[PDB]
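What follows is a set of notes on a single structure, which appears directly below.
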Amino acid sequence: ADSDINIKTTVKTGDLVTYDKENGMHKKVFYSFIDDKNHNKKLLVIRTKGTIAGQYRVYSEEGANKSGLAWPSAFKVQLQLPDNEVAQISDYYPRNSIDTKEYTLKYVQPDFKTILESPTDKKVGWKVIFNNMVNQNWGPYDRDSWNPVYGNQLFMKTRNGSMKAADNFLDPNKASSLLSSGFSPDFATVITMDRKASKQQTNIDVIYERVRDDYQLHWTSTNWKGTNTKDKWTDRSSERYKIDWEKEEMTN
Amino acid sequence: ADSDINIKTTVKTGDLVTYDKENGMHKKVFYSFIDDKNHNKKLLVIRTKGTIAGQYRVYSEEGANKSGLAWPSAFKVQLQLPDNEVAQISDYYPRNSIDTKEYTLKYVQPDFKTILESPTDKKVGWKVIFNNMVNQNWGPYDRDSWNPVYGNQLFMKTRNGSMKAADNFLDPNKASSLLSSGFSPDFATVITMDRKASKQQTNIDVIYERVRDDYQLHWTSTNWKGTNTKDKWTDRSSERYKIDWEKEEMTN
Amino acid sequence: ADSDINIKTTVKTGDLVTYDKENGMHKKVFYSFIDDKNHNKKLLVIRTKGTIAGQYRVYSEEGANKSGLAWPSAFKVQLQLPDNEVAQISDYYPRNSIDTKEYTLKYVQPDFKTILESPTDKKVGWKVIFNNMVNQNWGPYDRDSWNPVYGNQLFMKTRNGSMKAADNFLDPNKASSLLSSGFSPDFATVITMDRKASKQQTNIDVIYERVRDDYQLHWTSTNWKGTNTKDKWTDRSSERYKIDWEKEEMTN
Amino acid sequence: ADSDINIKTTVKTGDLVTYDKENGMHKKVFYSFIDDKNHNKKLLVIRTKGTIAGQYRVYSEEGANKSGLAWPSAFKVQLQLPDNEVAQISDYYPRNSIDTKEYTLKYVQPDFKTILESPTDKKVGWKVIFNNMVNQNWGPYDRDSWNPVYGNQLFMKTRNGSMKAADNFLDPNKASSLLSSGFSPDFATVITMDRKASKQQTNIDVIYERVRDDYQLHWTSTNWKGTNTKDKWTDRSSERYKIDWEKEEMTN
Amino acid sequence: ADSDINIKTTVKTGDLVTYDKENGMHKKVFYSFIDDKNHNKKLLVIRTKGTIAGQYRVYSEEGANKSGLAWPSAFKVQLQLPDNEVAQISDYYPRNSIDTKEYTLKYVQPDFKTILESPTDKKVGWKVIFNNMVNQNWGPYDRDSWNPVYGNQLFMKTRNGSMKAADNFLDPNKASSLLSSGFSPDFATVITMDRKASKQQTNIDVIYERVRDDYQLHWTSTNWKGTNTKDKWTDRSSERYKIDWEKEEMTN
Amino acid sequence: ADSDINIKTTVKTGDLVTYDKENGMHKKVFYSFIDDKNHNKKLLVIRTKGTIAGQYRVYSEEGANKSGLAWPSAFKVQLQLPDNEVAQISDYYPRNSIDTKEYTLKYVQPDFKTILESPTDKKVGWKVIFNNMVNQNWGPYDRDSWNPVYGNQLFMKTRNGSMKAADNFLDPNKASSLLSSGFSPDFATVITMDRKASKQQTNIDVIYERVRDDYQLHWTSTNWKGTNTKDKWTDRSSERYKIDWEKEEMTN
Amino acid sequence: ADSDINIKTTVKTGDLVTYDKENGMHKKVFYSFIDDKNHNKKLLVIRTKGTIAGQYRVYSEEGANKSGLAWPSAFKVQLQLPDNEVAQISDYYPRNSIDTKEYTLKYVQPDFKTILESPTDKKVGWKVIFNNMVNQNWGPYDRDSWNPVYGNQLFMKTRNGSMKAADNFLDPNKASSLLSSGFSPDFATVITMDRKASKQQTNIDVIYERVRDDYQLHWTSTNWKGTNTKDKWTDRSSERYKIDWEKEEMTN
């Protein structure tokens with residue numbers, strides 16, 4: 001774009017790490033302060049790296065003939081900001097890209113899409129939802145999968161199994177590396193501030209989220225049928241981090 | 001092109017952000033002022049970044065047997081200028097590219113095309129129209145899709161469904177990331193000015209647009225038939241941004 | 001080429017913009033003056049950017065049973081020069097490329113080709129003619145398409161239609177982005193001048209052209225048959241731009 | 001990401017090599033100390049090169065009609081840290097990537113995956129598990145392969161063989177070059193420390209591991225049936241390496 | 001190659017342009033003089049750019065039942081040198097490349113080949129012959145194409161046509177862009193001269209040529225049969241250009 | 001890796017060439033000495049280039065009805081080191097890569113693998129074994145190929161041949177260029193030494209090897225049956241090269 | 001390789017051109033002298049550019065019913081050196097690459113191979129032999145092609161032809177551009193010399209060669225049968241060039 005039209009400062013960085021031991025959600029708020037004499041506004045490029053655990057474990061089981069699985073079905077990152085504050089979000093990467101395909105029809109569908117919720121001048125939010133995953137190398141099953149006899153086959157290790165339900169669940173490692181051992185949101189977003197702002201200080205509200213699912217699964221005496229109730233439990237890790245743009249620094 | 005024929009300044013930048021809370025449309029007019037001693041004219045490379053929301057919501061419903069959906073079917077960006085003013089649009093990116101294919105025939109058709117309306121020396125306009133989208137992994141349906149029995153299948157979640165029409169609509173996330181959570185135009189265009197212009201000041205009219213569509217859908221007691229009336233409602237976010245080329249700055 | 005044989009100045013630029021409001025034909029003559037002490041001749045790299053309108057509109061119609069369509073089928077750019085003047089065209093981009101294919105046979109055929117008419121030492125001219133376009137996702141129809149019953153299917157929206165001929169024409173946006181909203185020729189060419197030339201001044205003739213075609217289409221009471229007469233109307237935007245090689249500047 | 005948003009010190013490295021002759025596990029802990037005036041925290045990029053041997057050998061056998069094979073089915077690298085210590089792991093490469101495929105369905109499956117276990121602010125750990133491998137160019141067999149008649153065909157050189165079981169095992173070189181002559185982890189992870197930390201010294205717990213498998217295989221007088229007991233033997237190699245951030249050096 | 005073995009001046013340029021108005025053969029002799037202290041011999045990289053017209057026109061016709069077509073089938077550029085002169089040709093780009101294919105068999109075959117005739121220490125010459133071209137999207141016909149009933153189908157617009165032979169020939173634009181509007185050679189060659197040569201002057205003979213072919217085509221009262229006699233007419237544009245290596249300049 | 005975490009001296013080389021005329025094994029030990037102030041240990045990057053001949057010749061024959069072929073099956077290169085010496089091998093290139101394929105199953109298999117035997121802190125060893133080769137464009141035969149009637153078809157030029165066994169062997173050039181005219185090992189390995197080592201001198205044991213194969217082939221009066229006994233003859237070229245890290249030099 | 005292990009002078013060139021007018025064998029011996037203070041030995045990179053003619057002509061014929069064709073089937077470049085001299089060849093480019101393919105089986109096979117005969121410390125020699133070529137777009141015929149009825153189909157223009165054998169041979173241009181107008185070797189090899197060598201001078205023996213083949217072809221009164229006797233004629237072009245490493249120059 002730059003060369004198509006024949007067209008040809010000290011930055012302060014830092015990092016803040018915190019860990020929610022109860023939820024096991026890693027946090028990473030890497031940042032860099034940018035000031036430009038030509039630019040009429042101050043800058044701060046926020047890197048939203050880190051990781052959110054998978055916690056693909058059997059939370060409990062109702063005996064050997066019925067068991068449930070607590071696993072994550074949608075991750076999110078929503079760097080929301082109070083509307084009272086005058087801090088402006090300028091740009092954010094990645095940006096929702098136009099879908100592409102070929103025409104018989106074919107296209108690429110990643111298991112964990114990377115969508116970006118319609119932001120505003122205050123709140124910027126993603127949603128790394130679960131599209132579909134393949135079990136037993138047979139069909140990319142999604143959350144909506146359901147069968148009259150087999151029920152949901154989201155993680156059914158064996159159709160006509162004879163083991164304990166808490167032990168006959170699909171191996172976490174045979175599936176993707178996002179549920180078994182977590183997903184690592186590595187996103188970014190820049191916020192700009194007035195050059196002649198009175199208060200060179202706002203509040204950054206970092207809110208990591210995820211959508212755990214309760215996948216109750218039981219034997220119908222002929223095959224294993226499971227039911228999944230979306231958003232059975234949700235875990236949020238809110239956190240407020242204050243900046244000092246006068247000193248070009250943000251701390252816990 | 002440059003090397004094919006054996007051929008081998010201080011720039012002022014800035015950014016202006018505004019938000020239409022009623023229409024929920026982000027605005028972004030990032031820019032840079034370029035002046036060259038060799039060039040005989042002044043420059044201003046205008047970046048047209050930002051985002052226009054989708055607002056893919058059930059605006060109203062006529063009970064459970066008939067409902068309508070308000071969703072966007074065409075986005076636009078038209079940086080128009082009054083014909084009285086002498087500001088000249090020189091070049092703009094992207095430029096309408098020549099279609100290509102292979103010959104049986106195959107080609108690539110993005111869901112949201114990026115067309116450029118025939119500009120002039122005053123107004124430059126694009127139109128990111130909706131080409132076609134795939135529902136239930138079966139056919140890239142377009143706005144013109146219609147069936148004698150099934151009607152339009154643009155967002156019919158279930159053909160022979162039995163749920164409420166306001167609840168049996170296709171999931172926003174299963175479709176593209178443009179309708180559900182907005183589309184983010186990232187365009188550019190340069191306007192050049194006379195070196196010896198008497199008044200180093202004009203008015204930039206940024207007009208973000210979009211075409212919401214009313215898609216009424218109802219059960220025919222056998223299957224769901226929907227009808228879409230194009231351009232039922234349109235939303236425009238016009239705004240005038242005055243420049244100071246003498247100071248090489250543009251403000252709200 | 002350079003490295004295959006083991007082998008390892010101030011330039012004045014500018015731009016001239018003009019617009020033909022009658023024909024809607026944008027003009028752009030971006031340029032740069034190059035002088036090299038090692039080179040024995042002066043240089044001027046002329047860039048032929050800009051755009052030519054499509055004007056894909058129903059110019060008139062003979063009622064609802066017969067209509068004609070005014071659309072462009074061949075654009076051109078011919079930077080000609082009077083033979084009296086001693087200005088020499090040295091090189092021009094693009095240059096006619098050798099066709100390639102694979103051998104069953106397959107190759108790529110663009111909708112709007114970019115041919116280069118056999119130039120001379122005075123006149124250099126391309127011709128962006130129309131090769132073929134696909135309608136209703138069925139066959140890449142060309143100007144020569146004709147059927148005994150259906151006639152020409154170049155822009156027939158519906159074969160056995162029942163709407164008005166002025167309203168039952170193919171949507172401009174469903175076709176390519178060249179006829180509907182214009183095509184943007186971005187060409188280039190360098191002319192070199194004698195180092196010891198007596199008069200450091202010539203006349204550059206920029207002639208943007210186009211060939212509108214009359215696509216008369218009518219209902220045969222069974223299906224819509226259309227006829228196209230090539231070169232029914234042509235529009236030229238000639239313009240002379242004088243150079244000052246002594247000052248290394250060209251003005252209107 | 002950096003350029004999408006229009007945005008445009010002395011480091012001390014070192015070396016520490018040790019070798020466990022009993023288990024034959026090579027170790028390499030290449031590193032570099034980074035300090036930045038703009039950054040508010042100290043840095044240390046730890047590289048986890050080296051190799052873990054394969055030891056694809058017949059540990060013992062029960063006559064010629066029954067034999068077992070000791071071969072590695074999962075490697076690991078777990079740079080853990082005591083929770084008492086305040087040393088913070090910031091980022092780690094590689095990061096679990098989102099799975100990709102095309103839709104008939106197709107995707108790529110490496111034999112030795114590279115998963116990353118859900119870490120915390122103290123412990124970072126991989127798990128290079130075995131996905132699936134192909135024998136006799138017929139099917140990518142995995143650890144879970146089992147047949148009622150042929151048993152497990154994981155390394156069965158000949159189905160209806162007649163040689164000694166300790167001599168009729170699949171050649172180590174015909175399979176991948178990981179089991180036969182070892183797998184070489186080349187991973188990394190960076191740890192950050194407080195700029196005003198009282199004690200500039202922590203303890204790096206490098207624990208190389210692996211999961212050797214006992215593959216008992218015997219002749220059923222008609223064909224060879226084998227049974228593999230996962231995690232039959234494990235060979236951890238713990239090690240503590242102390243750092244001196246005040247001197248920016250780490251030693252054994 | 002250079003880095004595979006672990007291994008890591010003022011140049012005078014210029015150009016000479018001339019045109020043959022009778023034959024329409026453009027000439028371009030772009031060059032550069034290179035002298036190196038480490039090199040023991042002088043250098044001159046001669047670039048053989050330019051264009052040779054196609055003149056794909058009906059030179060004459062024998063009424064409407066028989067016509068001939070004057071079209072070029074072999075272009076050449078032979079920078080020959082008298083054997084008396086000691087000017088040495090060292091290297092020349094392009095150099096004949098080894099053919100490649102895949103094994104069913106497939107490969108790429110350009111329409112207009114670029115062969116390099118076996119040169120010597122004095123004479124260097126290419127030959128841009130015609131390989132094959134496709135008509136009516138049916139078969140890549142070559143010069144040797146011949147049929148007992150249809151004759152040569154090289155440029156037969158319609159097999160069982162009824163139009164005038166001077167008007168029922170294949171459109172020049174539907175075929176390749178080489179015969180219709182000329183072919184533009186972009187060649188090069190470097191000649192080296194003795195550092196202690198007594199006479200720093202030789203004679204460069206640039207000879208652009210062409211081999212026009214007569215394609216007589218007539219109606220056999222059932223279909224159009226044509227015959228092509230190779231090398232019917234040839235046109236040569238010889239030219240001698242003297243060098244001044246002492247001044248490192250070459251002029252007309 | 002480096003840029004994924006937002007992270008941004010005099011070297012003495014040399015040469016040592018020797019040749020074993022009896023075995024025809026060329027040797028090249030290109031190297032470079034590296035010392036870094038930030039590094040706590042010295043470095044030496046040893047390059048294992050050179051070439052080992054193929055000697056694909058008929059060593060002897062038992063008349064015309066039975067013959068043997070001496071052709072190579074492995075080119076081992078084992079730079080070993082005595083365990084008494086404290087010279088440490090840190091890293092070595094190439095490092096065994098994880099296999100890749102697509103899932104019907106497909107993958108790539110080179111004829112001459114480049115395996116890396118499980119090394120230690122003293123010894124680093126490769127083994128360029130033969131995977132499989134294709135004869136008569138029919139099947140990638142390996143050393144394990146055997147047929148009840150045709151025997152081994154490894155280099156059987158003609159199945160039902162009638163020529164002399166010493167003359168009816170497959171042409172060396174029709175197979176790969178490795179057996180016929182040698183394989184050229186171009187490998188490397190870096191060794192590090194203590195900065196405060198008392199003795200700055202060790203011994204590099206370069207041992208070029210090879211595993212010739214005896215391919216006895218005879219006519220069974222109906223077809224040619226051959227037998228190959230692996231490791232029939234092996235040839236070694238041991239050599240000791242002493243380093244002087246104090247002078248940063250290594251000689252024969 | 002270099003960066004995989006975390007690791008980050010005046011040169012005299014020249015020219016020497018000679019030509020064998022009898023055999024038409026061009027010669028080019030481009031070179032560069034390299035001396036490094038860190039290197040313990042001197043260097044000289046010899047480039048083997050130039051070209052060898054093809055001479056694909058009818059040397060003689062036996063009437064119109066039998067003819068022979070003198071065409072080259074193997075070119076060679078053997079930079080041999082006397083064993084008495086201590087000039088050491090260290091490395092040479094290209095070096096034989098390991099074959100690759102995919103597994104049904106597929107791979108790439110060049111028409112004109114570029115083999116490298118097993119060299120030594122004195123002699124380095126290639127052999128540009130002919131692999132296979134395709135005639136009439138039907139089968140990649142090789143020198144070994146033979147048929148009981150049609151004989152050898154290597155250059156048989158027409159199977160059941162009726163023209164003169166001296167005139168019914170395949171066109172030289174329809175085949176590859178290597179036999180017709182020569183093959184152009186572009187090889188290289190570096191030789192290293194002792195830094196403290198007493199005599200800084202050796203003898204470089206450049207020997208261009210070729211292996212012409214006599215392809216007799218005659219009509220069997222039903223079809224043309226051809227026979228090719230390999231290595232019928234060879235035309236060696238020996239040449240010795242002396243170096244002066246003390247002056248870092250090599251001349252004729």
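The chains in the structure tokens are called A, B, ... from first to last as shown; in each chain the residues are counted from 1, and the ligands are counted from 1 in the order shown.
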
| Near segment 140-154 of chain F, within 12 Å and counting only C-alpha atoms, which residues show up once chain neighbours fewer than 5 positions away are dropped, as a count of residues only? | 55

Taking only C-alpha atoms into account and nothing else, which residues of chain F lie no more than 7 Å away from chain G? Please answer as a PDB file with N, CA, C and O atoms, in the first residue's frame.
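File written: selection_5.pdb
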ATOM      1  N   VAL F  11      37.473 -14.436  14.239  1.00  0.00           N
ATOM      2  CA  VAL F  11      37.326 -15.877  14.076  1.00  0.00           C
ATOM      3  C   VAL F  11      38.391 -16.367  13.105  1.00  0.00           C
ATOM      4  O   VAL F  11      38.566 -15.797  12.021  1.00  0.00           O
ATOM      5  N   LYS F  12      39.107 -17.417  13.498  1.00  0.00           N
ATOM      6  CA  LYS F  12      40.178 -17.989  12.692  1.00  0.00           C
ATOM      7  C   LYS F  12      39.691 -19.283  12.052  1.00  0.00           C
ATOM      8  O   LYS F  12      39.309 -20.223  12.756  1.00  0.00           O
ATOM      9  N   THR F  13      39.699 -19.325  10.724  1.00  0.00           N
ATOM     10  CA  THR F  13      39.333 -20.509   9.967  1.00  0.00           C
ATOM     11  C   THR F  13      40.597 -21.269   9.564  1.00  0.00           C
ATOM     12  O   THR F  13      41.697 -20.993  10.053  1.00  0.00           O
ATOM     13  N   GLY F  14      40.445 -22.242   8.673  1.00  0.00           N
ATOM     14  CA  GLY F  14      41.598 -22.969   8.184  1.00  0.00           C
ATOM     15  C   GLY F  14      41.194 -24.055   7.210  1.00  0.00           C
ATOM     16  O   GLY F  14      40.046 -24.126   6.768  1.00  0.00           O
ATOM     17  N   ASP F  15      42.165 -24.907   6.882  1.00  0.00           N
ATOM     18  CA  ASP F  15      41.982 -25.942   5.875  1.00  0.00           C
ATOM     19  C   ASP F  15      42.946 -27.090   6.145  1.00  0.00           C
ATOM     20  O   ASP F  15      44.106 -26.863   6.495  1.00  0.00           O
ATOM     21  N   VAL F  17      43.475 -30.934   4.161  1.00  0.00           N
ATOM     22  CA  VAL F  17      43.036 -31.870   3.132  1.00  0.00           C
ATOM     23  C   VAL F  17      43.999 -33.048   3.092  1.00  0.00           C
ATOM     24  O   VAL F  17      45.222 -32.859   3.080  1.00  0.00           O
ATOM     25  N   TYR F  19      44.104 -37.496   1.613  1.00  0.00           N
ATOM     26  CA  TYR F  19      43.473 -38.452   0.711  1.00  0.00           C
ATOM     27  C   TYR F  19      44.072 -39.839   0.898  1.00  0.00           C
ATOM     28  O   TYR F  19      45.297 -39.990   0.939  1.00  0.00           O
ATOM     29  N   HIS F  26      38.207 -39.204  -0.211  1.00  0.00           N
ATOM     30  CA  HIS F  26      38.636 -37.825  -0.053  1.00  0.00           C
ATOM     31  C   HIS F  26      38.220 -37.297   1.319  1.00  0.00           C
ATOM     32  O   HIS F  26      37.261 -37.771   1.934  1.00  0.00           O
ATOM     33  N   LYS F  28      37.919 -33.618   3.880  1.00  0.00           N
ATOM     34  CA  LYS F  28      37.899 -32.169   4.031  1.00  0.00           C
ATOM     35  C   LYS F  28      37.385 -31.838   5.426  1.00  0.00           C
ATOM     36  O   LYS F  28      36.332 -32.335   5.835  1.00  0.00           O
ATOM     37  N   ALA F  53      34.243 -41.989  -2.312  1.00  0.00           N
ATOM     38  CA  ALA F  53      33.964 -42.545  -3.627  1.00  0.00           C
ATOM     39  C   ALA F  53      32.970 -43.699  -3.537  1.00  0.00           C
ATOM     40  O   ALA F  53      32.728 -44.273  -2.473  1.00  0.00           O
ATOM     41  N   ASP F  91      26.651 -28.867  19.968  1.00  0.00           N
ATOM     42  CA  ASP F  91      25.568 -29.040  19.012  1.00  0.00           C
ATOM     43  C   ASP F  91      26.136 -29.601  17.716  1.00  0.00           C
ATOM     44  O   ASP F  91      27.342 -29.555  17.468  1.00  0.00           O
ATOM     45  N   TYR F  93      24.880 -30.210  13.401  1.00  0.00           N
ATOM     46  CA  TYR F  93      23.920 -30.063  12.322  1.00  0.00           C
ATOM     47  C   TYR F  93      24.239 -31.048  11.210  1.00  0.00           C
ATOM     48  O   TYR F  93      25.417 -31.236  10.880  1.00  0.00           O
ATOM     49  N   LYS F 106       0.500 -40.349   2.055  1.00  0.00           N
ATOM     50  CA  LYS F 106       1.567 -39.935   1.155  1.00  0.00           C
ATOM     51  C   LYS F 106       2.657 -39.230   1.949  1.00  0.00           C
ATOM     52  O   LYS F 106       2.383 -38.559   2.948  1.00  0.00           O
ATOM     53  N   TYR F 107       3.895 -39.381   1.485  1.00  0.00           N
ATOM     54  CA  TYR F 107       5.060 -38.773   2.122  1.00  0.00           C
ATOM     55  C   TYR F 107       6.234 -38.877   1.153  1.00  0.00           C
ATOM     56  O   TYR F 107       6.121 -39.460   0.071  1.00  0.00           O
ATOM     57  N   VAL F 108       7.367 -38.306   1.557  1.00  0.00           N
ATOM     58  CA  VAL F 108       8.578 -38.264   0.742  1.00  0.00           C
ATOM     59  C   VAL F 108       9.637 -39.148   1.388  1.00  0.00           C
ATOM     60  O   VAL F 108       9.819 -39.116   2.611  1.00  0.00           O
ATOM     61  N   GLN F 109      10.325 -39.940   0.569  1.00  0.00           N
ATOM     62  CA  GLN F 109      11.364 -40.854   1.043  1.00  0.00           C
ATOM     63  C   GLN F 109      12.614 -40.721   0.181  1.00  0.00           C
ATOM     64  O   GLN F 109      12.650 -41.232  -0.953  1.00  0.00           O
ATOM     65  N   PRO F 110      13.648 -40.036   0.667  1.00  0.00           N
ATOM     66  CA  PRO F 110      14.902 -39.965  -0.090  1.00  0.00           C
ATOM     67  C   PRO F 110      15.561 -41.332  -0.201  1.00  0.00           C
ATOM     68  O   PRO F 110      15.417 -42.188   0.674  1.00  0.00           O
ATOM     69  N   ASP F 111      16.282 -41.533  -1.307  1.00  0.00           N
ATOM     70  CA  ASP F 111      16.966 -42.804  -1.525  1.00  0.00           C
ATOM     71  C   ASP F 111      18.085 -43.020  -0.511  1.00  0.00           C
ATOM     72  O   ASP F 111      18.219 -44.112   0.055  1.00  0.00           O
ATOM     73  N   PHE F 112      18.893 -41.995  -0.267  1.00  0.00           N
ATOM     74  CA  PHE F 112      20.041 -42.080   0.632  1.00  0.00           C
ATOM     75  C   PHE F 112      19.720 -41.255   1.874  1.00  0.00           C
ATOM     76  O   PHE F 112      19.893 -40.036   1.890  1.00  0.00           O
ATOM     77  N   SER F 176      21.133 -43.811  -9.076  1.00  0.00           N
ATOM     78  CA  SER F 176      21.517 -42.512  -8.549  1.00  0.00           C
ATOM     79  C   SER F 176      23.003 -42.252  -8.800  1.00  0.00           C
ATOM     80  O   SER F 176      23.778 -43.154  -9.135  1.00  0.00           O
ATOM     81  N   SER F 177      23.398 -40.992  -8.638  1.00  0.00           N
ATOM     82  CA  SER F 177      24.777 -40.571  -8.841  1.00  0.00           C
ATOM     83  C   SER F 177      25.630 -40.753  -7.594  1.00  0.00           C
ATOM     84  O   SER F 177      26.754 -40.238  -7.541  1.00  0.00           O
ATOM     85  N   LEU F 178      25.115 -41.459  -6.590  1.00  0.00           N
ATOM     86  CA  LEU F 178      25.809 -41.687  -5.330  1.00  0.00           C
ATOM     87  C   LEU F 178      26.643 -42.964  -5.365  1.00  0.00           C
ATOM     88  O   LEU F 178      27.813 -42.957  -4.968  1.00  0.00           O
ATOM     89  N   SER F 181      29.453 -42.620  -8.758  1.00  0.00           N
ATOM     90  CA  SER F 181      30.594 -41.717  -8.673  1.00  0.00           C
ATOM     91  C   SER F 181      30.749 -41.092  -7.292  1.00  0.00           C
ATOM     92  O   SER F 181      31.376 -40.035  -7.162  1.00  0.00           O
ATOM     93  N   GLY F 182      30.196 -41.720  -6.263  1.00  0.00           N
ATOM     94  CA  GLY F 182      30.497 -41.342  -4.900  1.00  0.00           C
ATOM     95  C   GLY F 182      29.407 -40.495  -4.262  1.00  0.00           C
ATOM     96  O   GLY F 182      28.557 -39.902  -4.930  1.00  0.00           O
ATOM     97  N   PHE F 183      29.444 -40.451  -2.936  1.00  0.00           N
ATOM     98  CA  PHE F 183      28.586 -39.601  -2.126  1.00  0.00           C
ATOM     99  C   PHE F 183      29.470 -38.602  -1.396  1.00  0.00           C
ATOM    100  O   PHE F 183      30.567 -38.948  -0.950  1.00  0.00           O
ATOM    101  N   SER F 184      29.000 -37.360  -1.277  1.00  0.00           N
ATOM    102  CA  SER F 184      29.810 -36.272  -0.735  1.00  0.00           C
ATOM    103  C   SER F 184      29.251 -35.816   0.607  1.00  0.00           C
ATOM    104  O   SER F 184      28.356 -34.957   0.655  1.00  0.00           O
TER     105      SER F 184
END

| Computed interatomic separation between atom CA of residue 60 of chain C and atom CA of residue 166 of chain C (Å) |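 Interatomic distance here is 8.4 Å.
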
| message | Let me make sure I understand: among E:9, E:202, E:55, E:18, which one has the smallest atom-to-atom distance to residue 35 of chain E if we use only C-alpha atoms? | response |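 Checking each candidate against residue 35 of chain E, we get E:9 as the closest.
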
| What does the distance from atom CA of residue 22 of chain F to atom CA of residue 235 of chain F come to in Å, to one decimal? | 10.0 Å

| message | Report, in Å with one decimal, the straight-line distance from atom CA of residue 204 of chain G to atom CA of residue 82 of chain G. | response | 8.7 Å

| message | I need the strand (DSSP E) residues of segment 19-116 of chain F per DSSP on the backbone, written as a ChimeraX atom specification. | response | /F:19-20,25-28,31-34,41-48,57-61,66-72,74-75,78-79,88-93,115-116

| Among listed residues D:247, D:232, D:57, D:76, nearest residue 180 of chain D (using only C-alpha atoms) | D:57

| said: So that I can see what lies close to residue 164 of chain C, please list as a ChimeraX atom specification the residues with an atom at most 6 Å from it, counting only C-alpha atoms and leaving out residues fewer than 3 positions away in the same chain. | reply: /C:64,167-168
